[PDB]
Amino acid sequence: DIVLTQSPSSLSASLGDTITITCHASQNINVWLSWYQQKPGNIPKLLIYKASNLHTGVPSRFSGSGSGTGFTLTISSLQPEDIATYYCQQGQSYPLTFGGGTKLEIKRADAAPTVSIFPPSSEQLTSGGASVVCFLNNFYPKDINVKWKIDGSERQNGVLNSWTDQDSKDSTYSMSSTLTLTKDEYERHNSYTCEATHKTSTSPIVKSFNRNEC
């Protein structure tokens, strides 16, 4: 097989910027390289074939190039509807292989995550389990680290995290960290804390709740 190597794996840049994605191939593929665009959710649409040949629609700002083993795609004046994942694919021989992908991220001013802690639901307790959920909404950059603390300031490891893709409108991210215990084990302690560390603030953003009431 001829494995393609798209680089980098993800990129962030401001609007209007000109950015270059690249692909490399083990064996020579002459000029048989396509470039696809997959905006989060929607299907991939063909952007460029025969290395430079632009497909219908593709506004001039997209430019393919290269030959032999290295090819590059280049977007000028990043227009919002570019945010997607790009993949190159050789078409010299069988099997047809793609080159991993390169995901696009827009750059924006930093923003402070709105956190919120949620004690298990009485409905869940009745069931026999306890899940404390913490929502670190609307923020940027993606880099953030959260850590749970039971009584006092004791950290835990049995968590389940999940972030979303960069939001269309806000350009921000969101995350939902969930600690899942057993009723009993949840009952042995009193305080629960969701501690968040993030570029925006020096002092860790913390939201805590005491089981002493609810």
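Start at 1 with the first residue shown and count on from there.
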item: 77 to 85 versus 119 to 127 - greater average Cα B-factor per the deposited record; value: 77 to 85
item: 18 to 26 versus 202 to 210 - greater average Cα B-factor per the deposited record; value: 202 to 210
item: Criterion, highest CA B-factor; candidates, 43, 175, 159, 33; value: 43
item: Criterion, highest CA B-factor; candidates, 60, 180, 53, 69; value: 60
item: Record-listed C-alpha B factor of residue 169: chain third; value: highest
item: Assigned third (lowest, middle, highest) for the C-alpha B factor of residue 106; value: highest
item: Third of the chain, ranked by Cα B-factor, where residue 38 sits; value: middle
item: Chain-relative CA temperature factor third for residue 189; value: lowest
item: Assigned third (lowest, middle, highest) for the C-alpha B factor of residue 65; value: lowest
